[PDB]
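Novice:
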Amino acid sequence: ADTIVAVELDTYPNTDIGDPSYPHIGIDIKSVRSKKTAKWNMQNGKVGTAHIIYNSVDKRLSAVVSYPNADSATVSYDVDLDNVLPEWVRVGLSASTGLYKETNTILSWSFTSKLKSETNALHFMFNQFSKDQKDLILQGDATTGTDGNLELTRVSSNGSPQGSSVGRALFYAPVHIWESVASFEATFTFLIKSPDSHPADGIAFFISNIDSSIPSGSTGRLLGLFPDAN
Amino acid sequence: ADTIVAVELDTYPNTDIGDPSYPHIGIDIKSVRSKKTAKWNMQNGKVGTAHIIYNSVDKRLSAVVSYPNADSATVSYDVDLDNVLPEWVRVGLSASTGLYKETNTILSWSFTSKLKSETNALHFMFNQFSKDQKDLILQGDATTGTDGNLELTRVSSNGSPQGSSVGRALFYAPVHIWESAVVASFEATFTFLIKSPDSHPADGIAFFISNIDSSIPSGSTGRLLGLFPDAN
Amino acid sequence: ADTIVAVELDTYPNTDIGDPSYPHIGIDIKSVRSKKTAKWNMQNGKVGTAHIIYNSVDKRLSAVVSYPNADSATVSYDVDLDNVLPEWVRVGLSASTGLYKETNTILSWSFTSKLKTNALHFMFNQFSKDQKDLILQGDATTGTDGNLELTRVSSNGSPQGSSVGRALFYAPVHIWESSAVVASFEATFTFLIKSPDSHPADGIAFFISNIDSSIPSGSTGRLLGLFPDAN
Amino acid sequence: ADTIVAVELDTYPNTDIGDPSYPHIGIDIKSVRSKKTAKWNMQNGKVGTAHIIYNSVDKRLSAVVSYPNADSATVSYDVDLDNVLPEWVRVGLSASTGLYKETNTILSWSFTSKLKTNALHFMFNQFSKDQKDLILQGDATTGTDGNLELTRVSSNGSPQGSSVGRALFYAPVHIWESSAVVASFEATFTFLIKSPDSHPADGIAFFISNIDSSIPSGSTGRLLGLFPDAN
Ligand SMILES: OC[C@H]1O[C@H](OCc2cn[nH]n2)[C@@H](O)[C@@H](O)[C@@H]1O
Ligand SMILES: OC[C@H]1O[C@H](OCc2cn[nH]n2)[C@@H](O)[C@@H](O)[C@@H]1O
Ligand SMILES: [Ca+2]
Ligand SMILES: [Ca+2]
Ligand SMILES: [Ca+2]
Ligand SMILES: [Ca+2]
Ligand SMILES: [Ca+2]
Ligand SMILES: [Ca+2]
Ligand SMILES: [Mn+2]
Ligand SMILES: [Mn+2]
Ligand SMILES: [Mn+2]
Ligand SMILES: [Mn+2]
């Protein structure tokens with residue numbers, strides 16, 4: 001079973017398993033039950049910005065989500081990621097739909113990892133995605149090319165999102181993300200678009216065991232990240 | 001009077017004005033009396049590294065100081081830099097000797113400011133220093149091009165440091181370091198070599214962020230580290 | 001008098017002084033008579049891209065000028081920058097109108113110096135009203151739509167003729183040493199040239215000069231804020 | 001059979017097959033018979049620096065090899081990389097010994113790819135024993151002194167003859183696209199060739215190939231871990 005650290009963008013509140021009563025960002029450590037959340041005033045059809053940061057000094061996992069000329073949502077939680085995750089990881093985005101649905105649409109994604117024993125580094129930047137985007141490991145329903153974006157869940161030829169969908173995008177190379188100062192910054196832009204009165208289920212940035220894969224039946228409320236609601 | 005934010009690498013305990021009784025790091029917000037500090041087992045004649053970090057999400061100004069295969073010292077303080085400094089700053093290193101002295105030798109320095117409204125960026129890297137290093141503003145006793153290093157304080161033609169010295173290096177361009186921001190952030194690193202014949206060296210190195218038009222105050226040698234008008 | 005290396009987005013054919021008959025890109029080495037040019041189908045009112053590059057191994061100053069979904073214009077030229085420019089320089093953008101006019105809005109500017123390692127990078131995506139890390143010379147202003155207008159624009163948003171302005175980055179840039187294994191720079195910028203005139207004038211240039219460089223008195227029109235005369 | 005573009009640090013003159021009469025650097029386009037070479041005074045037991053660069057505007061593959069306080073060696077050649085290599089590639093270092101031998105230890109390695123923007127950068131300043139973001143192939147090991155040993159070294163530190171290894175970075179790299187205003191890469195690395203032989207052999211190269219690229223069976227000695235034969 002995979003070991004998951006994730007920052008979630010949770011559009012659909014599953015109160016029966018812990019979610020607050022509103023859309024919300026939060027920090028997920030080994031569980032879909034967030035260890036901390038904030039209210040996230042999601043904006044249908046609006047392109048948004050997510051930034052995630054962590055360093056081995058403060059060991060504060062932190063993230064912002066915003067739309068232009070609006071109040072951001074902010075969440076942060078103390079984690080020694082070197083204690084929780086393995087030496088090598090992969091970095092990625094995940095998303096899912098259920099009974100309810102939305103487009104889970106990635107217009108850009110960037111990452112920068114620095115380790116200082122002295123310094124090793126990795127950086128990659130996606131402002132567009134192509135149909136055969138060979139430096140991404142695409143899993144589940146994830147495609148690229150159309151147009152020219154990364155789409156995590158299923159969406160029709162005219163742009164209409166489909167329920168009970170799950171997909172992930174992992175950058176191809178593993179990342180050394182702690183050694184016995189270190190830091191990483193992740194940035195992405197997303198476009199959640201839904202005809203439903205309630206959209207679902209949300210996007211996530213995650214860091215996993217190198218050989219992580221979507222768990223069986225992880226559509227909907229489990230975001231492509233988790234075996235179960237535990 | 002200049003508005004100073006600083007990370008200090010304090011070699012000489014001046015306990016008459018607040019210092020703990022050991023070499024320490026600390027965070028300096030508008031005062032030479034640190035808001036917080038930690039024990040910095042300084043190593044004489046050893047080349048060490050310093051890394052300073054800050055962001056507008058956590059607003060926690062933090063710094064590490066370390067010598068190869070040894071324990072680093074750590075210090076961090078919660079600070080909304082937008083609330084203390086002006087929009088435009090300049091960023092710098094400073095150092096000072098007094099009765100006691102040391103080489104305050106800079107072997108490398110780097111900086112990265114990111115501000116996201122979207123992104124504006126600033127980076128500069130110094131692995132060596134020429135004699136006419138036109139992108140620094142040298143104040144007081146600071147020279148460049150001996151080895152290819154920045155020397156914040158006075159040192160002889162054969163490398164021997166001198167008492168009652170004070171000097172500063174500042175990068176030429178001013179820096180946007182907060183907007184009214187999705188996220189802002191900066192990282193600063195430098196490598197130093199402190200070397201002294203004294204049994205106690207003094208007074209320390211600082212990394213500093215100031216009003217653009219800041220300079221060394223009158224008589225800020227010693228415990229005042231080139232940064233502060235007074236011991237208040 | 002200044003030492004100027006410039007790449008020029010020349011919108012107005014001043015054939016009297018060697019311009020081709022059409023709008024051109026061009027490389028400018030101590031003279032407004034470009035040492036080399038190529039043809040640039042400048043699209044009026046379109047945001048374009050430009051990239052400028054050089055290394056001390058090949059010593060080829062090169063430039064691309066582009067509009068989404070159309071063929072780029074390309075120009076390149078062999079010059080030892082160290083034998084022309086002084087050890088320290090400043091970097092900038094310049095623009096001029098004359099009898100005819102155009103807006104010279106800049107939407108973005110970037111730069112990277114490597115000297116081999124010493125390094126320098128700034129990215130401007132948007133410009134504030136008090137953009138303190140830029141030296142503004144002449145008619146140049148910042149803040150309006152968050153951009154850099156090199157030349158004067160009225161409050162109707164329309165361009166005034168016979169104007170000249172420049173933005174230089176505040177920090178001096180070390181652009182060659184005698185002891186370099188490699189040295190290199192990249193410069194990139196986006197612009198927008200909006201003219202109600204039949205023929206817009208006069209163009210944009212990215213430039214590297216002596217640190218103390220200033221707008222040559224009279225440098226409007228064909229002279230692009232760079233050169234005192236047309237020699 | 002693999003598609004190979006390489007810049008070769010050729011320590012041994014295999015004159016039988018077009019090597020010059022001295023150690024050289026050189027650009028290898030689908031052949032071990034370098035298209036272009038320059039003389040390189042390789043210094044035994046000393047750390048050196050190699051820089052490799054290309055952009056799609058100039059279409060000029062150039063390379064610099066240097067030692068502190070000695071004249072650099074320089075080589076350069078005109079190739080439209082996109083007419084040679086496929087859309088996607090992997091990047092790497094290769095090395096070989098044959099009858100005579102040298103250590104081929106890499107102290108650091110960097111790379112930057114820019115596609116107009124899509125980008126990729128990695129910096130290796132040190133190599134742990136389980137360096138999972140490198141594909142190791144043949145005799146190559148990591149960790150010992152925190153370094154990358156392309157070829158076999160004994161437990162006394164001595165270089166073994168007739169050896170071959172390669173380090174490819176694990177992520178595919180997109181090194182051209184038909185819709186590129188500008189694409190470019192740079193690669194830097196530091197090496198240390200230590201040989202007790204009168205004549206060290208065979209050399210190090212930085213290479214770009216088809217993503218599925220493998221060591222050619224028998225590619226030791228003069229063939230650098232890159233080419234099936236000397237054709
Ligand atoms: O602004 C365009 C040009 O206007 C003026 O020249 C007009 C002209 C061209 N041929 N005959 N008259 C001058 O100001 C030039 O310097 C400008 O380039
Ligand atoms: O290792 C150096 C070379 O050794 C072998 O060739 C020996 C030789 C050359 N001329 N006469 N004998 C082969 O393995 C070559 O491929 C190597 O370059
Ligand atoms: Ca949910
Ligand atoms: Ca003190
Ligand atoms: Ca160290
Ligand atoms: Ca003209
Ligand atoms: Ca374009
Ligand atoms: Ca050979
Ligand atoms: Mn949730
Ligand atoms: Mn103190
Ligand atoms: Mn012209
Ligand atoms: Mn050869």
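Those protein sequences? They're chains A, B, D and C, same order as listed. Numbers 1 to 117, 122 to 184, 188 to 237, taken from PDB author numbering, label the letters of the first sequence in order. Numbers 1 to 117, 122 to 184, 186 to 237, taken from PDB author numbering, label the letters of the second sequence in order. Numbers 1 to 116, 123 to 237, taken from PDB author numbering, label the letters of the third sequence in order. Numbers 1 to 116, 123 to 237, taken from PDB author numbering, label the letters of the fourth sequence in order. Idealized CB from N, CA, C, for every residue including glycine.
Any Cβ of chain D within less than 8 Å of the Cβ of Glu155/B?
Specialist: no
Novice: Does any heavy atom of ligand 11 sit closer than 7 Å to the C-beta of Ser164/D?
Specialist: no
Novice: At 8 Å on the CB atoms, spell out the chain A contacts of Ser76/B, in chain order.
Specialist: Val57, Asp58
Novice: Using C-beta distances below 6 Å, list every residue in its chain close to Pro23/C, excluding the 5 sequence neighbours before and after it, in chain order.
Specialist: Setting aside the 5 residues that flank it on each side, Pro23/C is surrounded in the same chain by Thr11, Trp40, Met42, each with a C-beta closer than 6 Å to its C-beta; the list follows chain order.
Novice: Select from the segment 122–135 of chain B all residues with a C-beta closer than 7 Å to any C-beta belonging to chain D, and list them in chain order.
Specialist: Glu122, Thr123, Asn124, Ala125, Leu126, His127, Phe128, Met129, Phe130, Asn131, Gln132
Novice: Output the boundary residues of the beta strand (DSSP E) element that contains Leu140/A.
Specialist: 140–144
Novice: Please classify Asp28/B: does DSSP put it in a helix, a strand, or coil?
Specialist: The three-state reading of DSSP puts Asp28/B in strand, counting E and B together.
Novice: What residues from chain D crowd round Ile217/B, counting only those whose CB sits closer than 9 Å?
Specialist: Chain D residues near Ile217/B: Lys138.
Novice: Is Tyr22/C near ligand 8 - that is, is its Cβ less than 7 Å away from at least one heavy atom of it?
Specialist: It does not: the Cβ of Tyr22/C is nowhere closer than 7 Å to a heavy atom of ligand 8.
Novice: Only counting the same chain, and skipping five residues up and downstream in sequence, which positions put a Cβ closer than 6 Å to that of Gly18/B?
Specialist: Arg33
Novice: Can you tell me whether DSSP reads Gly152/D as helix, strand or coil?
Specialist: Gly152/D carries a helical assignment under DSSP once its states are collapsed to helix, strand and coil.
Novice: Below 7 Å, is the gap between the Cβ of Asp82/A and the nearest heavy atom of ligand 9?
Specialist: no
Novice: Can you find a CB in chain C that lies within less than 8 Å of the CB of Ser113/D?
Specialist: The C-beta of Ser113/D comes no closer than 8 Å to any C-beta of chain C.
Novice: Could you name the residues of the segment 23–54 of chain B whose beta carbon sits closer than 9 Å to any beta carbon of chain A, in the order they occur along the chain?
Specialist: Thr49, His51, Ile53
Novice: What is the rounded straight-line gap between the Cα of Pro178/C and the Cα of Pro165/B?
Specialist: 52 Å
Novice: Quick one: residues with CB closer than 7 Å to any heavy atom of ligand 4, in chain order, please.
Specialist: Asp10/B, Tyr12/B, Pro13/B, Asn14/B, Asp19/B, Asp208/B, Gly209/B, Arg228/B
Novice: Go through its chain and collect everything with a Cβ distance to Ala73/C's Cβ below 6 Å, but skip five positions before and after it.
Specialist: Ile25, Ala38, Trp40, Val65
Novice: Put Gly209/A into one of helix, strand or coil per three-state DSSP.
Specialist: strand
Novice: Please report the distance separating the alpha-carbon of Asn131/B from that of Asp71/C.
Specialist: 21 Å
Novice: Quick check: does the Cβ of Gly98/D come within less than 7 Å of any heavy atom belonging to ligand 1?
Specialist: Distance from the C-beta of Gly98/D to the nearest heavy atom of ligand 1 is below 7 Å.
Novice: If you draw a straight line from the C-alpha of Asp139/A to the C-alpha of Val79/D, how long is it?
Specialist: 38 Å
Novice: I'd like to know whether the C-beta of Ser190/A is nearer than 8 Å to at least one C-beta of chain C.
Specialist: no
Novice: Do we get a CB-CB distance below 8 Å when we pair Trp88/C with the residues of chain A?
Specialist: yes
Novice: Could you tell me which chain B residues have their CB closer than 8 Å to the CB of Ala177/D, listed as they occur along the chain?
Specialist: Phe128, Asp139, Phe175, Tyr176, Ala177
Novice: Alpha carbon to alpha carbon, what distance is there between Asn83/D and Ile214/D?
Specialist: For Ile214/D and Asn83/D, the distance between alpha carbons rounds to 14 Å.
Novice: At a Cβ threshold of 8 Å, is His205/C touching chain A?
Specialist: For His205/C, the answer is no, since every Cβ of chain A falls outside 8 Å of its Cβ.
Novice: Whose CB is closer than 6 Å to a heavy atom of ligand 5? List the residues in chain order.
Specialist: Result (chain order): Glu122/A, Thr49/B, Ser66/B, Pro68/B.
Novice: From the DSSP output, in three-state form, read off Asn83/D for me.
Specialist: helix
Novice: Using a threshold of 7 Å, is the CB atom of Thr157/A nearer than that to any non-hydrogen atom of ligand 1?
Specialist: For ligand 1, not one heavy atom lies less than 7 Å from the Cβ of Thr157/A.
Novice: Would you say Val5/A lies against chain B (beta-carbon separation less than 8 Å)?
Specialist: no
Novice: Using only the heavy atoms of ligand 2, determine whether one of them is closer than 7 Å to the beta carbon of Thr37/C.
Specialist: no
Novice: On the DSSP letters alone, give me the boundaries of the beta strand (DSSP E) that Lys114/D sits inside.
Specialist: 105–115
Novice: Could you tell me if the beta carbon of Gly26/B falls within a distance shorter than 7 Å of some heavy atom in ligand 10?
Specialist: Under cutoff, so the answer is yes.
Novice: Just the chain C side, please: which residues come within less than 7 Å of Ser117/A by C-beta, in chain order?
Specialist: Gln132
Novice: Let me check you understand the geometry: is the CB of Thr103/D closer than 7 Å to at least one non-hydrogen atom of ligand 1?
Specialist: Every heavy atom of ligand 1 is 7 Å or more from the Cβ of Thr103/D, so no.
Novice: With distances taken Cα to Cα, identify the nearest neighbour of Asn104/A among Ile210/A, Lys46/A, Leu142/A.
Specialist: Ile210/A
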